[PDB]
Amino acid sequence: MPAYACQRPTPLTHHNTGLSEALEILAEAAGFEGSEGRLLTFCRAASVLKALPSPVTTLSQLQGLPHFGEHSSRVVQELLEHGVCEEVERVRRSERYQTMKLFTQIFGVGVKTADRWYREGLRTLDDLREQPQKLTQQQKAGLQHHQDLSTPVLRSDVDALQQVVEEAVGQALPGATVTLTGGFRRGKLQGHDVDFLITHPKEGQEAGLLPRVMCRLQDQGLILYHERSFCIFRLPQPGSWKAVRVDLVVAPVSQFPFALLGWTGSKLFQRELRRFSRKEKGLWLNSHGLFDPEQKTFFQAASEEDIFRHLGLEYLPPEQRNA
């Protein structure tokens, strides 16, 4: 199979869930130690298993597979033979991993901040609440709605939110469209947030749209916290409500297919796609466009299909970008 994740279809569900989940724990643990190189490899190795057409049953089936060296193969070997991987289980139990994972999942908290808190003796959320003086407003909101934000967002929630966003956007700018992106566009049934991409058919009209959208959303009393906009929405529930992370992104229609591709993901898929573009095609890709450094020109795109064709890749629908 191809070495780049953007060269292979990766469905949301596959046939090596257990194996890939173990490797991603090591990737997650690697990122907690600042080992971005090791995180990347373990992520790649896990994605390879996701792309396989059938379960891995023997170690010999790992031969030839990209990004599977000594360490990753050792992990799979133990899992196939003993049902568990000793290193993986040791990571799970450790106070370091559980704390870092707990801290980093807080909105407004990254690895660097989490590590510093761990080195100061902080272990729980109430520890962070015990000293609100050294908390930023984004972190204060992160701890404030942490329980709700830790609750999976369902498809039914997305539909309600999109109906809300479309209403505000529509009143903010006639003709402006709202596109669901993120993991939910890839076909996920549950998520930790909702991502929307907003544009307008007439180039330039999308300028200064977000403040108008946010104002009309706040007027409806739907914003607990907030061109991009990282918001925490108040989502109506049966007899109550819960907080939901929502991201609003505005782009000109000329750059829309690039913004759509980037914000649909997955994270690893986009990294592999941009790595492929530069290393194999000598082209520079981001959320805004595709640049030819030699010709000093930007590729024009009307769709995601255009971009894939520019890069010489077979088209992959969003539901096959779950790398």
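Only the largest set of C-alpha atoms that superpose within 1.5 Å between the two forms is called the rigid core. In this text, residue numbers run from 1 along the sequence as written.
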ask   = Is 229-237 or 127-135 the stretch whose C-alphas end up farther from this model in 8 other deposited structures of this protein after a rigid core fit?
value = 127-135
request  = Report the stretch with the higher root mean square CA deviation, pooled over structures and residues in 8 other deposited structures of this protein, choosing between 109-117 and 141-149 after a rigid core fit.
outcome  = 109-117
note = Residues of the deposited chain absent from the coordinates between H226 and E227 total 10 or more
query = Of 297-305 and 12-20, which one has the bigger average CA B-factor?
reply = 297-305
inquiry  = Regarding 40-48 and 61-69, which shows the higher C-alpha temperature factor on average in the entry?
reply    = 61-69
query = Out of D115, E166, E206, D193, which one has a C-alpha B factor higher than all the others in the entry?
reply = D115
request  = Check the PDB entry and point out which of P53, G34, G265, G289 has the largest C-alpha temperature factor.
outcome  = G34
ask   = Should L122 be placed in the lowest, middle or highest third of its chain by the C-alpha B factor in the entry?
value = highest
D159 by Cα B-factor - lowest, middle or highest third of the modelled chain = middle
note = On the chain's distribution of Cα B-factors, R212 falls within the third called middle
request  = Looking at the entry's B-factor column for C-alpha atoms only, identify whether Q137 ranks in the lowest, middle or highest third of its chain.
outcome  = highest
ask   = According to the PDB entry, is the CA B factor of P236 in the bottom, middle or top third of its chain, that is, lowest, middle or highest?
value = highest
